[PDB]
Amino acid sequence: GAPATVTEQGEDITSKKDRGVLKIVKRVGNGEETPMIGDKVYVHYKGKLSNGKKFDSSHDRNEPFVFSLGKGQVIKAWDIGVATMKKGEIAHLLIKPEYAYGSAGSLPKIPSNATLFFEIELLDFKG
C-alpha cells in the first residue's frame, strides 16, 4: 500500500542522507516557493502506524493543524518535510523513529521505536 511504496520508492530528504525521512510528492503544488522558517503553516494530514492502523487525522477534526515552521513545534521530520512542500502539495512521508518519537514513543498512541507514515497537504503558509 502507500506506506510500502514510500518506503521502497521515496526520496531521502534529510540533510544527513541517512534515509530517516523519505518522501513522495502525490500532488504537485503551486509554483516554486516553499515556506520559510517561522511561517505559520496550515496542514491537513493523516498518520498511520506500522501495525497498519490510522492513529490520527486532522481531516476527521474538520480543521487543519497549524504551527510555526522550523521551531521544533513538531517532530523533526515534519519540520524537514513541510519545508520541502509547495502550497497545495500533497505528499507522503515515511519517518524513522529518530526523526519522530524515538525510543521514548508518546503514550498512549505512539509505541517505542515507531516508524510513522503520513499523508500531508500544505494548505497555506504565511509570515
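We number the residues from 1 along the sequence you see.
Undergrad: Taking only the CA atoms, which stretch has the higher mean B-factor in the record, 13-21 or 102-110?
TA: Taking the mean B-factor of the alpha carbons in each, 102-110 is higher.
Undergrad: Between 24-32 and 87-95, which has the higher average C-alpha B-factor in the PDB entry?
TA: The deposited B-factors put 24-32 ahead on the C-alpha mean.
Undergrad: Please place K53 in the lowest, middle or highest third of its chain according to the CA B-factor in the PDB entry.
TA: For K53, the deposited C-alpha B-factor lands in the highest third.
Undergrad: Could you place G38 in the lowest, middle or highest third of its chain by Cα temperature factor, using the values in the record?
TA: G38: CA B-factor falls in the highest third of its chain.
Undergrad: What third of the chain, by the recorded C-alpha B-factor, contains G81?
TA: Ranked within chain, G81 CA B lands in the lowest tercile.
Undergrad: Using the temperature factors of the C-alpha atoms in this entry, rank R61 within its chain: lowest, middle or highest third.
TA: According to the entry, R61 has a C-alpha B-factor in the chain's middle third.
Undergrad: C-alpha B factor of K46, ranked within the chain: lowest, middle or highest third?
TA: Its C-alpha B-factor, which the entry lists for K46, ranks in the middle third among residues of this chain.
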